[PDB]
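Geometric and topological summary
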Amino acid sequence: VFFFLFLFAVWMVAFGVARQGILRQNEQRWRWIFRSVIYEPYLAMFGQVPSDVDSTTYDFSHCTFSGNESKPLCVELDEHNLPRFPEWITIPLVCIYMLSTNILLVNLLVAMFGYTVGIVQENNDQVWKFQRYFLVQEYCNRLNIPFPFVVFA
Amino acid sequence: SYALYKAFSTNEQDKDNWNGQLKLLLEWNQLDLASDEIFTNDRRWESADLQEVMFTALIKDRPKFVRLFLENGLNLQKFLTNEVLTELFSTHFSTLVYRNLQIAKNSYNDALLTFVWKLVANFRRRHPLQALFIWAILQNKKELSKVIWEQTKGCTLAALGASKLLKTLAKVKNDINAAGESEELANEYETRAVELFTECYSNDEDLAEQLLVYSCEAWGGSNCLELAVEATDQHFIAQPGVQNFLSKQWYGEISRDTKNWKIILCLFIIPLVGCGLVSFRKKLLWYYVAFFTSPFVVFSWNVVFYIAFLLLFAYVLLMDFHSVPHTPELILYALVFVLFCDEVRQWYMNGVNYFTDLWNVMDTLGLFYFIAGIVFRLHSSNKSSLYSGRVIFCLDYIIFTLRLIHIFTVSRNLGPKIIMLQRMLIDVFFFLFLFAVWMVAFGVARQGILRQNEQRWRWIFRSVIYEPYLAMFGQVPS
Amino acid sequence: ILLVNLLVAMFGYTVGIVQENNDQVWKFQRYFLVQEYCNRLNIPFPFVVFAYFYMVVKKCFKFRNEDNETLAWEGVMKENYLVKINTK
Amino acid sequence: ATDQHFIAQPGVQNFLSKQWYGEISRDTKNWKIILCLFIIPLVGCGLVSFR
Amino acid sequence: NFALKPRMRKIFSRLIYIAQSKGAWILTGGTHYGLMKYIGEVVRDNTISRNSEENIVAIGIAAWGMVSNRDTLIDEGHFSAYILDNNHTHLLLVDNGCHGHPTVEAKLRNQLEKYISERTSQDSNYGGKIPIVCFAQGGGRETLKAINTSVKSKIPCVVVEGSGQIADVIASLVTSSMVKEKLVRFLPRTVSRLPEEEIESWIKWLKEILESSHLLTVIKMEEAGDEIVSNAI
Ligand SMILES: O=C1NC(c2cccc([N+](=O)[O-])c2)=CCN1c1ccccc1O
Ligand SMILES: [Ca+2]
């Protein structure tokens, strides 16, 4: 689990900072930095495909133009009031990130879980019945009545 | 042979002819008879008259007789002159073996094979036993080689160099039978080197670590540990002696039986070096320097520096990036210049093999993209060049961040799994091959059934490649 | 479904093979990091460039008996190892 | 007879690989071969081995 | 010259290991030729393998009449080319007359053996007395004269093997006729160069050998495992 979280955090930070830097310009709000760098590439692990990279399915009614209300900033515009970002640099970026995290990195965790279950099973019964000692010696040690009356004792 | 020896001995003229009896028992394989009634009486031994019979026992594959001759006494280095070596490598050297040596030097070239090609070019036109060992080991003699190997001084170096030569010669594709025997003899000598060094370590640690670092006065121009590395003999390094050597060399002055959290806790609080928390076994300023010299803590300081560099890069790129460089951008250029100094140091101290590793290639490429982003970035009052400079820095940040995976391969826990990660490329490529074939087939079929004569290339590649690609993550094309 | 769950199976089989070799390959790779962090005389990192100027200072200006003793030591365990081989 | 163990042995596999590369020797690398494939008049150079 | 087969090689390697484990002197000839070469080799090897814990003591006792290069000093010498052996840590060379005189050192050697055999050192397990063992393996007149001077003296503890030249002729029989029969059957090429006026003397030598059969022992052929030298001594 920790090896999975290490690799996923590295890919998540790299893609999040690259996408936030290519799209927008000089965000000054910390909450909308950490929603757009950490949170949305995190949701792309459950099959979300981060949205505002396409430049044809992007509307300007979810922006602020300056941070005044809740919504994110717009992508920084042109002198013709067009989005500046190349689709040919952000569509394959999302495709590589989405392949690398949603498919390769989860199905590697499946393989490592399967191998660990394959190792530890002939030892698992031994470790369980070794742990059995502690519960027997905590439920056979005290002179114990049933529970909600124990405080009287 | 016994009948001929009984006829030769009882002539009552040649009973003084021990040379004729010895040559007759050499032409046949009578070892036991020559041991029982030639070398028994201690009556007449000259110890230098045994030379032509030695040359014959070498060229006719008589390992038991040369064992008997060295058992009764002969000096190899006195015997083995340059004329003997030219007669061996010139006349008694095979011609199919030389063709396989040509093919191996042409297609599988290396440092040790360039060295042995130079010495075999020397002797077909000063460490003599090693050259005779190379002659016997190339020929796949397999039993004279052991007899000379028992007489050598640098035995572990000889076994590792022989294993390297034979693992290289076992890759030549014609005459696969000779490749098979050379492979088996390679495995035998690498087993021999491992089993000798584990004894040399299990008696004494200090003199075994003395053995590991010697170059034998240009044996092949390299070291025992270097020959184990260059042959990819990972079983020689996966043994506890070399691993104990490496761990003791890695912690530096700090003893190995201290816990790691004490070490990093003393790392963060710098004047804490003067306390009884760490053990320096393996006045006060010596504790200070013996802490701050070790590879462990200079590595850990270096990775703390690299994480702080990534945080500064991210701050500059996302929150403070204007038409003129402010103060943290200039601090960022300073830190990138420091990394560039380290990389040109490593290119200086390695040379041309520096470009062998892929990490150094993408490392130099990332520095190139950084200075290209600088030369796009300084053209102020031009918004397009400034935006293009920031996009260049973003892709360069991707590269710098993904270097951190290669950084953390040294760990006891994450390390083996990161090394395991590069064995998956053939499965990933098989997946991508089948998925690309299905994706192209469905995309062209759907675009052809639905629409009619699209003339825009972008809306061809959005509707053929991109939407069937998204249907891998559960989209169901609409 | 089919093509992704086949990749899962091939990953699981490759992890099943390479694990008893993985520790060997890791501690073989350990040599290179130790020999790049033990070779140079290295101070901690952001000051190293100053030491680079020290090497510029260089460009501003510019048979053994214990070896035979330890090889003679090696020969004794070689003889003991040959005794052990023939003892088996 | 579907006796695949008789064909999975190195003798018949060596026969088949030597019959598959044709005139080119087997101990040349594949990238030289496809590089000489794309550049057609490159056949006259010392890059491939016809043993 | 001497044949160094791996059985005698193993025996003398084990012997020098026992002499290192017990802290014993080893008395020998001390010339460069033959067996003393191998004894100096194994002394040098057991010295070079441990370098501490009672570095062993080998005394070569030579005649001074067979040494080729001799230096008269007070001033260390540099002896190079009988030749003296390189690795014996102590040497004693007896003074006598001219050059061609073998069997000179044997008198002082046997008298030194007798004196340490009568020397009392109570810090042991032998009731003092510093126990002394003589070894014979090969052949010659010096061997037989040394064995008889030992067995005439007290505490000889003579040990022989079951391979050699005279070790075979002593090992096989344990009157005059059987001595003749063994000496002609195990030494075929020595009897031709011998007058019988001293062959009868050798018969008297061996009859003085076999008087005390409790002071003599042998290493056999079936007994060929490990720690057979300790089981003999
Ligand atoms: O020395 C280093 N140089 C670079 C580097 C330097 C310049 C450019 C790039 N790059 O773009 O990938 C990388 C990578 C990280 N790194 C490092 C730091 C601490 C521990 C281990 C390490 O390898
Ligand atoms: Ca580098």
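Quick notes on the rules
- Residues numbered from 1 in each chain as written, not as in the entry; some residues may be left out.
- Chains lettered and ligands numbered in written order.
- Part of a larger assembly, values for the part shown.
- Heavy atoms only, no water.
- Helix = DSSP H or I, 4+ residues; strand = E, 2+ residues; numbered from the N terminus.
- Rg over C-alpha atoms; globule rule 2.2 N^0.38 Å.
- Buried < 20%, exposed > 50% of the residue type's maximum accessible area, 1.4 Å probe, protein only.
- Areas by Shrake-Rupley, 256 points an atom, 1.4 Å probe, with all protein chains shown as cover.
- Pairing = 2+ DSSP bridges.
- Right-handed = clockwise from strand over helix to strand, strands pointing away.
- Near = heavy atom within 4 Å.
- Polar contact = N/O pair within 3.5 Å; in protein donor to acceptor, adjacent residues only side chain to side chain.
- Nonpolar A, V, L, I, M, F, W, Y, C, P; charged D, E, K, R; others polar.
- UniProt positions renumbered as here; feature names shortened; annotations may be inferred.
- Axes fitted to C-alpha atoms, helices over the stretch in contact; angles between N-to-C directions.
- Salt bridge = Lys/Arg side-chain N within 4 Å of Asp/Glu carboxyl O.
- Donors = N, O, S within 2.8 Å, 3.2 Å for Na, K, Ca; no water.
- Contact = heavy atoms within 4.5 Å.
- Buried area = accessible area lost by both parts, 1.4 Å probe.
- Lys, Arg positive; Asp, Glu negative; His and termini not counted.
- Patch = residues over 30% accessible without salt bridge, like charges linked within 9 Å, V, L, I, M, F, W, Y side chains within 5 Å.
- Charge placed at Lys NZ, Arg CZ, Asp CG, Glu CD.
- Core = buried A, V, L, I, M, F, W, Y, C linked by side-chain atoms within 4.5 Å.

For this entry, the PDB record names cryo-EM as the structure determination method and reports a resolution of 3.04 Å.

**A short note on the overall build of chain D**
Looking only at helices and strands, one finds three helices and zero strands in chain D. Its helices and strands taken in sequence order, chain D reads α-α-α from the N to the C terminus. Since a compact globule built from 51 residues should have a radius of gyration of about 10 Å, the 15 Å found for chain D marks it as more spread out than a globular shape. Overall, the C-alpha framework of chain D stretches about 45 × 20 × 15 Å when taken along its three principal axes. Residues counted as buried form 18% of the 51 residues belonging to chain D. Accessible surface for chain D amounts to roughly 4500 Å². Of this, 65% is attributable to carbon and sulfur atoms.

**What about the pairing of strand β2 (residues 57–62) of chain E?**
All names here are of chain E. Among the six residues that make up β2, five are buried, leaving the element largely enclosed by the rest of the structure. Note: strand β1 (residues 25–28) against β2, four bridges, orientation parallel. Note on β2: the bridge partner recorded for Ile26 is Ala58. Once the chain exits β1 it traverses helix α2 (residues 35–50) before rejoining the sheet at β2, and the crossover so formed is right-handed.

**Overview of the site of ligand 1**
The environment of ligand 1 is made up of 14 residues, and the closest members are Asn302, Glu343, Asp363 and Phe400 of chain B together with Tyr37 of chain C. Near ligand 1, residues from chains B and C are present, making the site a shared one. Here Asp342 of chain B contributes a side-chain N or O atom positioned 3.4 Å from an oxygen atom of ligand 1. In this structure, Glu343 of chain B approaches ligand 1 through a side-chain N or O atom, which is 3.3 Å from a nitrogen atom. Within the complex, the protein chains bury 96% of what would otherwise be the 500 Å² of accessible surface of ligand 1. Secondary-structure elements contributing two or more residues to the shell around ligand 1 are α20 (295–318), α21 (327–350), α22 (358–377) and α23 (383–407) of chain B. Residue contributions to the shell around ligand 1 peak at four residues, all from α20 of chain B. The residue inventory of the shell around ligand 1, partitioned by class, reads eight nonpolar, two polar and four charged.

**Details of the UniProt feature "intramembrane region" in chain A**
Here, the residues flagged by UniProt with the feature "intramembrane region" are residues 30–46 of chain A. Regarding residues 30–46 of chain A, the helix share stands at 82% and the strand share at 0%, and the terminal C-alpha atoms are separated by 25 Å.

**Remarks on the sheet that holds strand β5 (residues 158–160) of chain E**
Residues and elements named next belong to chain E. Overall, parallel pairing links the three strands, which are arranged β4-β5-β6 in an open sheet. The sheet is open, and its two edges are formed by β4 (134–136) and β6 (216–218), each paired on a single side. Strand-to-strand twist of the sheet, defined as the mean angle between neighbouring strand axes without regard to direction, takes the value 25°. Relative to β6, β5 is paired through three bridges, and the arrangement is parallel. Bridge pairing links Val158 to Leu216 in β6.

**Let's talk about the pattern of salt bridges**
All chains considered together, the criterion is met by 27 salt bridges over all chains. The salt bridge involving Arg345 of chain B is made with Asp342 of chain B; its shortest N-O contact spans 2.8 Å. Of the two residues, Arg345 of chain B and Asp342 of chain B are both situated in helix α21; the distance of three residues between them amounts to about one turn of the helix. A relative accessible area of 13% means that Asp342 of chain B is categorised as buried. Across the pair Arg14 of chain E and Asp226 of chain E runs a salt bridge, and its minimum N-O distance is 2.7 Å. With a relative accessible area of 25%, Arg14 of chain E lands in the partly exposed category.

**A look at the coordination of the calcium ion (ligand 2)**
All names here are of chain B. Around the calcium ion (ligand 2), the protein supplies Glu343 (OE), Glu343 (OE), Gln346 (OE1), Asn360 (OD1) and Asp363 (OD) as donor atoms, at distances of 2.6 to 3.0 Å. Coordination of the calcium ion (ligand 2) draws on donor residues from a single chain, spaced E-x2-Q-x13-N-x2-D in sequence. A residue pair is termed long-range when its members are at least 10 positions apart, and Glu343 in helix α21 and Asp363 in helix α22 qualify at 20 residues. Of the residues examined, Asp363 reaches a relative accessible area of 12% and is grouped as buried.

**Overview of the sheet that holds β2 of chain E**
Residues and elements named next belong to chain E. Here we have three strands laid out as an open sheet, ordered β1-β2-β3, and parallel in their pairing. Edge positions in the sheet fall to β1 and β3 (90–93), since each of these pairs with one other strand and no more. For this sheet the average axis-to-axis angle between neighbouring strands, irrespective of direction, equals 20°. Direction of pairing for β2 relative to β3: parallel, over a ladder of four bridges. Looking across to β3, one finds that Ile59 is bridged to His90.

**Quick look at the arrangement of the chains**
The structure contains six pairs of chains in contact, of which chains B and C account for the largest number of contacts. Of all C-alpha pairs spanning chain A and chain D, none lies closer than 28 Å, and the two are not in contact. One finds no contact between chain A and chain E; the C-alpha atoms of the two approach each other to within 43 Å at their closest.

**Structural notes on the interface of chain B and chain D**
Often, the extent of an interface is quoted as the loss of accessible area upon association of its parts. In this assembly, eight residues from chain B lie in contact with four residues from chain D. In this assembly, chain B packs against chain D so that about 450 Å² is buried in total across both faces, 45% of it on carbon and sulfur atoms. Contact with chain D buries area across many residues of chain B, yet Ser107, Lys173 and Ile176 of chain B alone supply 79% of it, more than any other trio. Counting across the interface, chain B meets chain D through zero salt bridges. At the boundary of chain B and chain D, one finds three residue pairs in polar contact. Broken down by class, the residue content of the side of chain B that touches chain D amounts to four nonpolar, two polar and two charged.

**Comments concerning the interface of chain B and chain C**
Contact with chain B, which involves 68 residues of that partner, is made by 53 residues of chain C. Both faces combined, the contact of chain B with chain C buries some 5700 Å², and carbon together with sulfur accounts for 70% of it. The interface formed by chain B and chain C holds two salt bridges in total. Between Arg40 of chain C and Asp342 of chain B there is a salt bridge, and its shortest N-O distance comes to 3.9 Å. If you look at where chain B meets chain C, you find eleven residue pairs in polar contact. By residue number, the principal contributor to the side of chain B that touches chain C is α21 of chain B, which donates ten residues.

**Considerations on the side chain of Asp427 of chain B**
As for its placement among the helices and strands, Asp427 of chain B is situated in helix α25 (residues 425–450). Of the side chains with opposite charge, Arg423 of chain B comes closest to the buried, unpaired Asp427 of chain B, at an N-O distance of 8.9 Å. Setting aside chain neighbours within four positions, we find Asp427 of chain B in contact with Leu7, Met10, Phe11 and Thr14 of chain C.

**Re a negative patch on the surface**
Residue and element names in this part refer to chain B. On the surface, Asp175, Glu181, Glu183 and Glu184 cluster together into a patch of negative charge. In this fold, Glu184 is placed in helix α13 (residues 176–203). Under the relative-accessibility criterion, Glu184 is labelled exposed at 53%.

**Some thoughts on the nonpolar core**
As a rule of thumb, nonpolar side chains are buried together in soluble globular proteins. In this structure, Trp149, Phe236 and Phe309 of chain B are the most contacted members of the largest nonpolar core, which totals 201 residues. With residues up to four places along the chain from it excluded, the contact list for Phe236 of chain B reads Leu160, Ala193, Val194, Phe197, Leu212, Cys224, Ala228 and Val242 of chain B. Counting residues in hydrophobic clusters, the runner-up holds 20 residues, among them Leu15, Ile18, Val42 and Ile219 of chain E.

**Some points on unusual backbone geometry**
The backbone of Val476 of chain B shows a phi angle near 55°, a positive value even though the residue is not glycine. Mapped onto the elements, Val476 of chain B comes out in the segment after α26 (457–470). The backbone phi angle of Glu54 of chain E is positive, close to 65°, even though this residue is not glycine. Position of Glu54 of chain E among the secondary structure elements: in the loop between α2 and β2.

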